[PDB]
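Structure provided below as structure tokens; questions to follow.
Here the chain labels run A, B, C, D and E in written order, and each chain numbers its own residues starting at 1.
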């Protein structure tokens, strides 16, 4: 069908802007037509605090678009449908090889704002493209930035229990299919880390309420340090704790579903593109 | 007929020149780099003719 | 530049682009020329493809 | 050229109907043509079945194909067409060979180290080379990360023969059909003792289609491969297979050590594709030179491989 | 247990009994070693008989016997003339 979506650029684009838009022409980006909220650039603006979860919810709510052609006044781009496929390319400056992986994950770029962006001086907007990366790399960088945020805030509060070089030796590198990448580890990622923290703190009393809902079978599998909490807590506090914990558990589970998960068939490393459909 | 080998360090069953170039020991190797010694040391290539 | 007690039977594979000559005798094979039939590739908006 | 013109002219999209709103006499003959088009594209005649072949380019989609470069000793020429192939992830970046497995050569990767086994070792007699294809089977099944290094690539539709460095072509996504324009249907062949119907173990709404799921599962003796046919969804068949995996939750209980994380996962389920539910899977028999094993025959397959989700 | 081996030979019966004693001389030692002939009837070590004559130039062309799913290799004597004889003991 007719799928060519154009966006309204106010000012004409100069030569270096044309080159920087040509450099990443194969990548995908979301959509809100306005060039102001054209992508993820309104969460990564200097206007809001760079919070991960609102960025993820906006990225999973709104549609995606892979752009085909660039001009001095127009941006030819086709939005994503669940029906057919589009040929997309890996044009991200943190380069992850899409060798034979059947899935691609679309997440906000956690490797720094400058690494995946184009800054438009002449226009009103500074656009960003999300990270399209294979899903074991996606869950691995989620692990190694989540645990690094935890093990960093801990040594900011108390540096007597852990070591910063000990967590930076392992939690700064991912190793998928023999490729060894390095993680730009510097704020960011604090609300997701504290969400996970609240979940694993209130999950003991959650598991106790669940096993008391329906006996020693499910009470043997906790260890002795994982079993003992005293049986005295208020009704309203317990109910609000369970409700807020299950809310954060549902949001955290749908968040560790990595969003719009793209799928690929034929990765051609000579031309750096793969036939990509929405799944 | 007056000798068995001109060098005993590569023409044996398991030797120095054989473990460097036979494909039974080259399993932790990069399989893309071309080996000119594979035609003389790999046993199945030496045997399939 | 002093000898390490060990010589080196160095081997090397060297390619040559030769210009060949093919001699095939008369009535050697028998071709069987089928008829061309057309199909449909990805018929896009700007073009139809067979 | 006359044959080529007569072949292209029949295989052509019909032109779009025009209504000249501007002129007077042209509008009448154009809506005359409009009603003469509907009346012969709707009624019971040969004209309404002649209209269905023009395809008018949403309904039909030419699929994608996977050109895979395999070794000839790791494959067999005598296999059927619709075998769901399973690509193995390679550690070396520049490799060039994508090691795929038919379910029988993967069944000998199952059993060698511990019907289906007869035709399996009749098709793939020497398993030392196939154990040498995979760099690690026992350790990778020991840490139970084998399910993510195995990806399915859909059923085989075209196998061009070559004595060394064979090349196969599978439909990775889309309607499963052959590659040669002399047209035929690629019937998906699944061996029956690995195939179970989930209504049979279940023992009320009619769907649109009945999907086919492969479930690499980690039995305590070795891996096991089972093809699951379900009319339900993916997140529903996760719960249904949670009901089906009854002694596994007892074994993961009876291995009481929780810090050994190997026995806390029991396989993973990947959705292979969607065949129709109104036409069920047909049973068949696939013959070698000496033996014959019963094989599920599945037609009208629409392949769309999903991720491995953990039971 | 007892065995049934089929011998093809071009020589006569007076030669086949001598060469059969020569062929089975280790098995006589094996049967004398693993059991002891404490009775007098255990002394006999088998008996052979002629099943018939076939041509020596084109005989015993190998083939196969294909049953339902397995096939054992078979040898196929063509142009056979059946003429059975009584058993001649080998000792």
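For the reader, a short list of remarks on this structure follows.
Basically, a contact is a pair of C-beta atoms (placed from the backbone, for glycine too) under 8 Å apart; a residue touches a chain by one contact, two chains touch by 3 or more.
Which protein is which chain? UniProt says A = Triplex capsid protein 2; D = Triplex capsid protein 1.
Taking the definition of touch as given, a chain qualifies here only if it contacts chain A (Triplex capsid protein 2) and chain D (Triplex capsid protein 1) alike; none does. Chain-level centrality, scored on Cα centres against the all-protein Cα centre, points to D. Ranking all chains by how far their C-alpha centres lie from the centre of chain E, first place goes to A.
Rounded to whole angstrom, the centroid-to-centroid distance between chain C and chain D (Triplex capsid protein 1), based on C-alpha atoms, equals 33 Å. For the pair chain D (Triplex capsid protein 1) and chain E, the distance between C-alpha centroids works out to 56 Å.
Here the CA centre of chain B is 28 Å from the CA centre of chain C.
Separation between the centroids of chain B and chain D (Triplex capsid protein 1), computed from CA atoms only, is 42 Å. Residue positions of chain E with contacts to 2 or more other chains are absent. Contacts with at least two other chains are made by no residue of chain C. Shown are all chain pairs that touch, namely A-D, B-C, B-D, C-D, D-E. Of all the residues in chain D (Triplex capsid protein 1), the ones that touch chain A (Triplex capsid protein 2) in their complex are 58, 61, 64-67, 87, 89-93, 98, 148, 151, 153, 172-173, 253, 256, 258, 304-307.
The touching residues of chain E, counted against chain D (Triplex capsid protein 1) in their complex, run 66, 69-71. Within the complex formed with chain B, the chain D (Triplex capsid protein 1) residues making contact are 92, 94-97, 132, 135. Chain C meets chain D (Triplex capsid protein 1) in the complex at residues 35-43, 48, 50. Partner chain D (Triplex capsid protein 1) is touched in their complex by these residues of chain A (Triplex capsid protein 2): 1, 83-85, 97, 99-103, 135-136, 177-179, 217, 221, 223, 261, 263, 265-266, 275, 277, 279.
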